[PDB]
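The block underneath contains the structure these notes are about, expressed in structure tokens.
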Amino acid sequence: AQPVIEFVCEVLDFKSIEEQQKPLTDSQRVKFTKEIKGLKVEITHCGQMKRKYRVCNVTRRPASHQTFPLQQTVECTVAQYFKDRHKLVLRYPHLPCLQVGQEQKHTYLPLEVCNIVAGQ
Amino acid sequence: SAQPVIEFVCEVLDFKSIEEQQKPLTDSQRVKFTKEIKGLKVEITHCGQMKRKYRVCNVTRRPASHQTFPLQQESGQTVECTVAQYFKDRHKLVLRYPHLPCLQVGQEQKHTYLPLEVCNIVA
RNA sequence: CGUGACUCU
RNA sequence: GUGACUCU
């Protein structure tokens, strides 16, 4: 299973992610979107419950800023939710998120928690 | 290289080759085999590249030549058909081991039966 | 990973 | 082999 953080690097011709310090430009985001859209991905942040999702889109907003309705609505930043619920401080908050599933449903995953499913 | 269920059964029931077993399985043999197969995932080989996966929940008491299930006919009416007969009409397949049982997969009352010979064990 | 629904049986 | 939920 290839980490999406390695994949972005190959698509955008980096050798290290610390070679992209800023948010992606619109150009880069589009290039990357063309390669990952419609791939299946599996999440890394729930032990062996590697839930798989189809990639619908890539977010325009880095994970740091991208928001979703949380009800307990107090629209939340994707990053925050991973500190809160998952005890996880993203290393790459500047990077966008993968939009997975029903677009309507605002399911957003940081790159650093996603592996592309190979398999057979 | 997924393992044929027809080989696995030879391992479980200590057959040399499957041609040993020219007769249906006794109840003893069936219980013995079910203990080892229940719960595994298998994939099918008879829909070309549509290699669907199911969870085994049981082994049939009847061979595929006699095992029946409720089939709704293209009328309204629903009648009973045998597994071997269905594999002939639907899949144009004529089973080599009709005297062997079927794997029952996912959920009892779904009456989903697959002949051994059409199934491989997935890792 | 697991369960169902699935193109089944 | 496809989609669904233990989500975000």
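Chain naming here is simple, since letters A, B, ... match the order of the sequence lines and numbering starts at 1 in each.
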Response to the item:
d(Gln99(A) CD, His106(A) NE2) to nearest 0.5 Å is 10.0 Å
Discussion item. Just so I know, are the side chains of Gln21(B) and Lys23(B) near enough to count as touching, which here means a heavy-atom distance under 4.5 Å?
Written reply: yes
Practice prompt. Begin from the C-alpha positions of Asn120(B) and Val42(B) and carry the test side-chain contact (heavy atoms from CB on, under 4.5 Å) through to its verdict.
Written response: CA-CA 5 Å; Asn120(B) 299 327; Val42(B) 296; over 6 Å; no
Worksheet item: Is any side-chain heavy atom of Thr68(B) closer than 4.5 Å to a side-chain heavy atom of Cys81(B)?
Response: no
Worksheet item: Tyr54(B) OH to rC6(C) P: how many Å, rounded?
Response: 12 Å
Worksheet entry | Those residues that, when tested against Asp27(B), pass salt bridge (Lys or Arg N to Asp or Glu O under 4.0 Å) (two or more places apart) | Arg30(B)
Worksheet entry | Whole angstrom value for the distance that separates P of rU8(D) from CD of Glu112(A) | 14 Å
Practice prompt. Provide, to the nearest angstrom, the distance between the NZ atom belonging to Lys53(B) and the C1' atom belonging to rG4(C).
Written response: 16 Å
Item to complete: Mind calculating the distance between CG (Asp84(A)) and P (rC7(D)) to the nearest angstrom?
Response: 15 Å
Fill in: Separation of atom CZ in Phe82(A) from atom P in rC7(D), rounded to whole Å
11 Å
Worksheet entry | Residue whose nearest RNA chain D nucleotide is more 5′ - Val78(A) or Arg54(A) | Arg54(A)
Fill in: Nearest-Å distance for atom pair CD/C1', residues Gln72(B) and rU9(C)
13 Å
Worksheet entry | Partner nucleotide, any strand, of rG1(D) [Watson-Crick/G-U, under 3.5 Å] | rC6(C)
Fill in: Min side-chain heavy-atom separation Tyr54(B)-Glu43(B) under 4.5 Å
no
Worksheet item: For residues 90-116 of chain B, which residues have at least one heavy atom under 4.0 Å from RNA chain D?
Response: none
Practice prompt. Classify the ring geometry between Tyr97(B) and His99(B) as parallel (under 30°), tilted (30 to 60°) or perpendicular (over 60°).
Written response: tilted
Practice prompt. With heavy atoms under 4.0 Å as the rule, sort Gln120(A) into base, sugar-phosphate or nothing.
Written response: sugar-phosphate
Worksheet item: Any side-chain N or O of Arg51(A) less than 4.0 Å from the OP1 or OP2 oxygen of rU6(D)?
Response: yes
Worksheet entry | Near-strand residues of residues 44-51 of chain B, defined as heavy-atom separation under 4.0 angstrom from RNA chain D | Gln49(B), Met50(B), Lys51(B)
Worksheet item: Are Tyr86(B) and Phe69(B) near enough that their ring centres are under 6.0 Å apart?
Response: yes
Worksheet item: What is the distance from atom CG of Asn57(A) to atom OG1 of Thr107(A), rounded to the nearest 0.5 Å?
Response: 12.0 Å
